[PDB]
Amino acid sequence: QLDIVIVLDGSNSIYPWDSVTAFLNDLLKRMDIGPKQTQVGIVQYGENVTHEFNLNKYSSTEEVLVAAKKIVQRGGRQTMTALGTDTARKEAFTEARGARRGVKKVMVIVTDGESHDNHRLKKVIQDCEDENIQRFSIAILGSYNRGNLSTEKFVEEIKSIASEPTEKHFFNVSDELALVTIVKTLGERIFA
Ligand SMILES: [Mg+2]
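Residues numbered from 1 in each chain as written, not as in the entry; some residues may be left out. Heavy atoms only, no water.

Method of determination, as given in the entry header: X-ray crystallography; reported resolution: 1.87 Å.

## Thoughts on the coordination of the magnesium ion
The magnesium ion binds to the protein through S11 (OG), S13 (OG) and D112 (OD), with metal-donor distances spanning 2.0 to 2.2 Å. Look at where the donors of the magnesium ion fall in the sequence and you get S-x1-S-x98-D. (Donors = N, O, S within 2.8 Å, 3.2 Å for Na, K, Ca; no water.)

## Topic: the pattern of salt bridges
A full pass over the atoms with the stated rule returns 13 salt bridges. Salt-bridge contacts for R100 lead to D3; the nearest nitrogen and oxygen are separated by 2.9 Å. Residue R100 is located in the loop between α3 (81-92) and β4 (104-111), and its partner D3 is located in strand β1 (residues 2-9); the two are separated by 97 residues in the primary sequence. Of the two residues, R100 and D3, neither departs from the other in class, the shared state being buried. Among the charged side chains, a salt-bridge network with shared partners connects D86, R89, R120, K123, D127 and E131. (Salt bridge = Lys/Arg side-chain N within 4 Å of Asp/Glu carboxyl O. Helix = DSSP H or I, 4+ residues; strand = E, 2+ residues; numbered from the N terminus. Buried < 20%, exposed > 50% of the residue type's maximum accessible area, 1.4 Å probe, protein only.)

## Focus: the packing of helix α4 (residues 118-130) against helix α6 (residues 152-161)
Contact geometry for α4 and α6: axes closest at 10 Å, N-to-C directions at 20°. Compared by their axis directions, α4 and α6 come out roughly parallel. Our pair here, α4 against α6, has a crossing hand that is left-handed. Of the residues in α6, those touching α4 at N118, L121 and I125 are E157, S160 and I161. Counted by class, the contact of α4 with α6 contains 3 nonpolar, 2 polar and 1 charged residues. (Axes fitted to C-alpha atoms, helices over the stretch in contact; angles between N-to-C directions. Parallel < 35°, antiparallel > 145°, perpendicular 65-115°, else oblique. Left-handed = near helix turned anticlockwise from the far one by under 90°. Contact = heavy atoms within 4.5 Å. Nonpolar A, V, L, I, M, F, W, Y, C, P; charged D, E, K, R; others polar.)

## A few points about the environment of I140
Considering the arrangement of structural elements, one finds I140 in strand β5 (residues 133-140). Put simply, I140 and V173 are 33 residues apart on the chain and 4.9 Å apart in space, counted from C-alpha to C-alpha. Dropping the residues within four chain positions of it, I140 is found in contact with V110, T111, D112, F154, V173, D175, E176 and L179.

## Concerning α4
Counted at 1.5 Å a residue, the expected span for α4 with its 13 residues is 18 Å, and the 19 Å between its end C-alpha atoms agrees. The set of residues buried in α4 consists of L121, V124, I125, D127 and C128. What you see down the axis of α4 is that its buried residues fit within an arc of 155°, all on one side. Seen from the buried face of α4, the exposed residues on the opposite side, beyond 90 degrees, are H119, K122, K123 and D130. The elements touched by buried residues of α4 are α3, β4, β5 and α6. Just past α4, the residue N132 takes up positive phi, approximately 35°. (Expected span 1.5 Å × (residues − 1). Arc of directions from axis to C-beta.)

## Things to note about the packing of α3 against α4
In a pair of packed helices, the angle between the axes and the distance between the axes together describe the arrangement. It is at 9 Å that the axes of α3 and α4 come closest, and there the two elements cross at 20°. Here α3 is positioned roughly parallel relative to α4, judged by the angle of their axes. Crossing of α3 against α4: the hand is left-handed. Residues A82, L83, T85, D86 and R89 of α3 form the contact with α4, whose own contacting residues are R120, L121, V124, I125, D127 and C128. Class assignment for the residues of the contact of α3 with α4 results in 6 nonpolar, 1 polar and 4 charged.

Next comes the structure, spelled out in structure tokens:
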């Protein structure tokens, strides 16, 4: 059984959002969701954080897909990935929000920018390590490539968020429309 929390960058740079909800749909529909099966919560972050829904809010896959399709982009000029990730760790993965005792914890972090808080990342990721939270991280290079931005540090930061081995837990996605192409591999790895 798996408790999976998706930590979704909602910043304005990500476009179109339909591509993100398509990714969520395609990923989640492959799961058997339920109190004795897989649970999913989703946290959206930008400049702040929102719990879109709790791990124990929904008891079927069909419910989660309907909820997923309805997540709206909250925007943000900046990217508080350390805040989003840390909020997933200490709020989303609590029994109060449906986390199940003794069940494995998996975080899937999806982002298209370097965080403002880079600084607190080392510590947040260390607490995740301490708490055995397996992390998959997905860097979307679309907005950066579209602004002729250097993606080197960006990719390094997101790689650094993923669990080792990096080549299993980190995904470099060129652009938003390409997000749906990783779903099979992402799913296979999460449920290895
Ligand atoms: Mg962004």
